[PDB]
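Asker: structure, please.
(one chain, ligands or ions: 2)
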Amino acid sequence: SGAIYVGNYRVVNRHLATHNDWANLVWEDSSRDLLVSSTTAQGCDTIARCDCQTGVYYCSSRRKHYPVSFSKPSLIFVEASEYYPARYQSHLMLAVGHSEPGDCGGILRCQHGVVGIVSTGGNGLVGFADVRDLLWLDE
Ligand SMILES: COc1ccccc1CCN1C[C@@H](C(N)=O)CC1=O
Ligand SMILES: [Zn+2]
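Answerer: Residues are numbered from 1 along each chain as shown. Ligands and ions are numbered 1, 2, ... in the order given. Have a look at this structure:
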């Protein structure tokens, strides 16, 4: 689990969104595994606006933050899971790192701010849904 809190937005994995998220919906995209809802309180996270390919992510199944090198956002085939059939997910970045299903939502960040959230993984890989192109999160 986990979310990004920027301005009056809450960014979560679409597959982990709550009823309150759907009832206060701003935007959602199944192909990216992202959903954004509105919040009453202002958040403290800032979004990175950069082309970093190195950063640090939070892994809840280890209670640890790990430095990683990650690929550029792209269209990647993701195996069937409890939440989606096998399909191509867009704007996804891959790295070598530990992950388990409940690690989705952990933040990946660089020197500029939040880059994205854990969305996929298995067998010593972790994938992150990029948010750096979502310029409207800043206004
Ligand atoms: C960190 O995630 C994992 C790690 C190990 C094994 C599996 C996962 C997550 C599996 N997935 C992929 C998600 C998606 N399509 O974006 C939906 C889902 O349930
Ligand atoms: Zn950066």
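Asker: use CA for all of it now, contacts and neighbours both
Answerer: Fine.
Asker: break the protein down into its domains, please.
Answerer: Per the record, the chain has its domains at 3-44, 45-139, by CATH domains of a matching chain.
Asker: can you redo those domains as TSV with distance to ligand 2 and mean neighbour count?
Answerer: Below are these laid out as TSV (distance: least, Cα to the ion, whole Å; neighbours: other Cα atoms under 10 Å):
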stretch	distance to ligand 2	mean neighbour count
domain 3-44	16	17
domain 45-139	4	18
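Asker: need these in CSV with distance to ligand 1, can you?
Answerer: As requested, the domains of the chain are arranged in CSV below (distance: least, Cα to the nearest ligand atom, whole Å):
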stretch, distance to ligand 1
domain 3-44, 5
domain 45-139, 4
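Asker: the residue lying farthest from the centre of the chain - nearest residue in space that isn't next to it in sequence?
Answerer: Residue farthest from the centre of the chain, counting by Cα atoms, centre = their mean, is residue 40 at 21.5 Å. Leaving aside its sequence neighbours, residue 40 sits nearest to residue 8 (Cα to Cα, 6 or more residues apart in numbering; 6.6 Å).
Asker: and the one you found, how close does it get to residue 45?
Answerer: Counting by Cα to Cα, to the nearest Å, the separation of residue 8 from residue 45 is 11 Å.
Asker: where do the strands sit along the protein?
Answerer: 4-13, 25-29, 34-44, 54-59, 64-69, 74-78, 87-96, 107-110, 113-122, 125-130 (DSSP state E).
Asker: touching the longest one from outside, list them.
Answerer: The one in question is strand 34-44. If you take Cα atoms under 8 Å, 6 or more residues apart in numbering as the criterion, strand 34-44 is touched by 5-15, 17, 21-22, 24-29, 129.
Asker: all set, thanks.
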